[PDB]
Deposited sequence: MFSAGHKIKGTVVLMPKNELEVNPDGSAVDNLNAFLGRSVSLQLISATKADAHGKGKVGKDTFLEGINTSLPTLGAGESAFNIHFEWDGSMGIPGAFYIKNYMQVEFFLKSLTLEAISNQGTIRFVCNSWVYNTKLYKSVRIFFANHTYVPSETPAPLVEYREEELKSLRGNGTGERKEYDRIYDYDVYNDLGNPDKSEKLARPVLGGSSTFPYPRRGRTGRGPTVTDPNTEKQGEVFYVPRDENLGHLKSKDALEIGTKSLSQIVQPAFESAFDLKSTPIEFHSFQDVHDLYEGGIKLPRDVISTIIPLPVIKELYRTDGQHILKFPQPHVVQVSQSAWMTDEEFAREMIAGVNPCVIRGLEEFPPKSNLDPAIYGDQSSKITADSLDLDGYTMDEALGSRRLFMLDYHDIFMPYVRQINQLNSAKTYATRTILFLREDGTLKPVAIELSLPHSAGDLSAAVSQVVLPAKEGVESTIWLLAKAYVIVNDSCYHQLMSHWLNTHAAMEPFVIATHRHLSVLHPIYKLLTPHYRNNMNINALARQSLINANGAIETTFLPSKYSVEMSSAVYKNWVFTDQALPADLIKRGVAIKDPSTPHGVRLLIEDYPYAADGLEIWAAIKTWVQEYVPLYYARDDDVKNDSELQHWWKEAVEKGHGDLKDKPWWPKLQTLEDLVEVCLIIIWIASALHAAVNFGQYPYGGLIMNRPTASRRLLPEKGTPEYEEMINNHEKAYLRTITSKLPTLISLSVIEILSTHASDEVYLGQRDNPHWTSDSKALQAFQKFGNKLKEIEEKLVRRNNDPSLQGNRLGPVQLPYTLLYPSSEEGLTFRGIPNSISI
């Protein structure tokens, strides 16, 4: 009596950047019973069974997928299959998608969703096992599968030692000691981030390459930063390997650009604003050997357009797509703090002046020098303004002040720590009314002006603010709060939740490609002399600055309502549907985000109850308790003592934790990531660095400012060479791969057998299509054009759920996938 099976797999060549060799005795499968056990209680194991033949007569197949027939001998003593071993006897690895068994059990068909690389059987200490798609909390695991379930978890965890190899599937933690390169040079040494109270930091995935020669504390370099093999995503099309673009940029392209500036083949500085707009019109002209080193590289070559010989042209940023000059206005400057690339730092102001929390013994009186009588508040008094909650601020003073001295000693960096005061006008748009530029150890207030040298000083003051915001966005809003903060949860999930676990299935789609991009970022983006260090103001202090901000990171404050309330931009109000009332009614990021938040909340609340009926059930899930214990105590271990960590003893706790993780991975990361090039592609709108302080009265710098304001700006912001590298970086980060999996989607529709979970997930996908319509309406509502479109006429679509491939300024991926 035979069971007919179909195996779907992808050979290696199809996923990189001969089908009959799979037949014969090359690939074996053995089924494992879920209902009949041997003496020691384990599911009985069937016989080695080999792929019989190709199956071209199957219509569901996708690109690169091939199917194979197989028939198992499975008699009455064997029971119902719930798992299977596979052994690859080929020398090459292949990517196993699924096994489908026809007509055997109560539900008839048994589906195994695998999606896993299967290397030659000699490379594995234990045989590869895969489970059917039924969901089981540990207490409901069929008894003959119990031991397998735990043994695979033990295998994923490893023993905390060893150099990790390509095919390893071992998840473990380590600190950020792999960014400095002291064996090459003592100037490339970097503090270890994590495991101390000086430099607390989230953990990253352990690689085990062992110590450098000069510093035992720092991990040595490698050509390949390991991630556990199934995190290392293959792509059908080489253009979708966006993550490897950043590696090419730093190793190949940037040294090429650097040659063209050393040989004086192009002007070393921008000289007008037109020199910058040229980048996306006539292209910049370059030596032939530089273009010939760039245009053959995959991914990199998709960024620019070229004539083959001398041109590289960048695409046109969305922000200059209607007005070339609207970025320069105070209204857009202000609007981007609520509908821009970094829309989540502005705070409400309830006392005036604002005060610093810094130690006056080290910095001085840090009471703000801004006077209430110098502000033009549209006729309001200060008391009125405060009292009707119309005053706001972008306060970077306390964050940057401890680093200004260090940064200002470097050779091509000068900055201030800035505060910006904003007033909410009766028409609902924000108005900037003052900017304070502070130094430690002059520290000036600058007021809006439209005429005279004073208006140029104001323009420059706005640039220092945005330099501040750019550093904070890249390192904090984006790198720390999404990429870095999420990796520990990824590791914990694979270590302590079985593939069988309901919460494993809920969360893992929101991890896709996360460990992989971080690994490549640790190697090329945030490493010593990497792309961030060489294009952003703080140079070698960039990453360690994120450690200072992480001291105040709070997991429960990452929930959107908690965040709006913490920042003074909303108030708790149980008469609203979302439970908060916005103090800036028309706040695009928060207003759109609250719809996404609520939809995710509904999905999570409908899913958990399918597997957990009572707080008792949560408390008694050993796998769930071990996961959460480790995530806090090891993954975010330097913050394990804090009192705000949920305890995970209640249904409500479980829903809260899952909702925060999914929020961070999908919509939060999308809102801060996918506007990077649309707004920041014009280097004058989002300068990444500043190079001098304001010119002093009676100097030729000052004279220039009066005569040529464009040159005083460009001479202040990011130089030409870093501009080219950084636009390329953010053009990559802003691009959706064609193979993205967006929110409300999943790669496989049979991820679970539970028809109830599948329907709750179908309702979620609908609710998102509905919301996307509501958001399209808002962008067309002419009452909201002041904030949603602004003078640059760029509707706020970053929180549209769906999107097509490319640089689209919309679409929420499931995960931190780039």
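Stretches of the deposited sequence left without coordinates are 1 to 5, 23 to 30, 455 to 462, in sequence order.
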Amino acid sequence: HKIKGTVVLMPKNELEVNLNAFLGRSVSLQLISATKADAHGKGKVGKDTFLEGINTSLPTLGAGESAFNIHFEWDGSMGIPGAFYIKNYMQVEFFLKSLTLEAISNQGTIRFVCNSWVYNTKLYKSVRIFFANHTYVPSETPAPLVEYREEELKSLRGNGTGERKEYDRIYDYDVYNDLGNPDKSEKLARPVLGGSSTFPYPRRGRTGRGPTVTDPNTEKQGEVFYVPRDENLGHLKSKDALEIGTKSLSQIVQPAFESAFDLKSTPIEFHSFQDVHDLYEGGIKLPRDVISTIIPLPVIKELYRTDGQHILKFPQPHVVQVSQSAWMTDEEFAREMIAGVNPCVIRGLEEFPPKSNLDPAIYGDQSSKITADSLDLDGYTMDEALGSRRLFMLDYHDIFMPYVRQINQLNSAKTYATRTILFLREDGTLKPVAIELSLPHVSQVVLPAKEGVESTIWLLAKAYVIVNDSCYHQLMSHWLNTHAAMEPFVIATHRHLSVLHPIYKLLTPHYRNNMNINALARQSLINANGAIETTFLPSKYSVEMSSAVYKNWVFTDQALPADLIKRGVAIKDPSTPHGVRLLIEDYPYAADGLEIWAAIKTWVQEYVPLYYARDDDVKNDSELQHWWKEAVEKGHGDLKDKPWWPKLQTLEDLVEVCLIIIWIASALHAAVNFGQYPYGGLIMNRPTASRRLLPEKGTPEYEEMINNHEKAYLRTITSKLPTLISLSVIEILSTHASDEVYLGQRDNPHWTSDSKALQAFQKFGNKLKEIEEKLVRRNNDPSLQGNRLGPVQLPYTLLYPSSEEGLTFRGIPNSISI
From here on, numbers count along this sequence of modelled residues.
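Comparing 672 to 680 with 139 to 147, the higher mean C-alpha B-factor in the PDB entry belongs to 139 to 147. Between 349 to 357 and 112 to 120, the higher mean Cα B-factor belongs to 349 to 357. Highest C-alpha temperature factor among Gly205, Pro687, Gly452, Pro267 per the entry: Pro267. When the C-alpha B factors of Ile32, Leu51, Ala39, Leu789 are read from the deposited coordinates, the top value falls at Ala39. In the deposited entry, the Cα temperature factor of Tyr89 sits in the middle third of values across the chain's modelled residues. Ranked by Cα temperature factor within the chain, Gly364 sits in the highest third according to the deposited record. Annotation for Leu807: CA B-factor lies in the highest third of the chain's modelled residues. In the deposited entry, the Cα temperature factor of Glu533 places it in the middle third of its chain's modelled residues. When the modelled residues of the chain are ordered by C-alpha B-factor, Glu595 sits in the lowest third.
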